[PDB]
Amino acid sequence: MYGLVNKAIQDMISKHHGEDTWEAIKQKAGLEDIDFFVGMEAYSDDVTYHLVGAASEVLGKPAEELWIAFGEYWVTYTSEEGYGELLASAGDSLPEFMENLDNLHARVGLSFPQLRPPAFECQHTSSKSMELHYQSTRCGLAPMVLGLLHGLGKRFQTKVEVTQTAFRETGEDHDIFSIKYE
């Protein structure tokens, strides 16, 4: 993934646990060589997955909790590190934002030519609920999506109830979530 993602993970961990713990994780992940992540540079997805695993070990938390934390963190990080206006342009409510998300990533992709973005499709089941279809070229990022949805819930001061109803990994087509919001 692009360096920006790895910087965001480093930032979250540093801000929450200290540069010492971060350095420990970085070392364990096998990334001691890398002096710093270059935000607009493409990296192997391996870097990101290794960071998360190593962090799960050092911190003694399941990796899923780390993807969730990171998903939540991302909503704030992007808004503060150069993508606040983009985020705003995607709307002022959860359902509208989720409808705009493919278009938001298309806009990101204008600048990150090698982007492999997620795809999100909403099937609205009422004015306060939807079924969200998440399609990805990558494995294991459902928990990150859960965190991101909570982050957007905070962004929009909206209560978000999310349950995963289908799983990419256990041989279903793609991840699906049922969501209620108020």
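We number the residues from 1 along the sequence you see.
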- Mean Cα B-factor comparison, 52-60 or 113-121, giving the higher one as deposited: 52-60
- Query: Averaged over C-alpha atoms, is the B-factor higher for 122-130 or for 141-149 in this PDB entry?
  - Reply: 122-130
- Going by the deposited entry, which of 68, 40, 34, 47 has the highest CA temperature factor? 34
- Compared with the other modelled residues in the chain, in which third is the CA B-factor of residue 102? lowest
- residue 80 - Cα temperature factor, lowest/middle/highest third of chain: middle
- residue 168: C-alpha B-factor third of its chain, per the entry, is the middle
- Entry-reported Cα temperature factor of residue 72, expressed as the chain third it lands in: middle
- Here the Cα B-factor of residue 162, set against its chain, lands in the third termed lowest
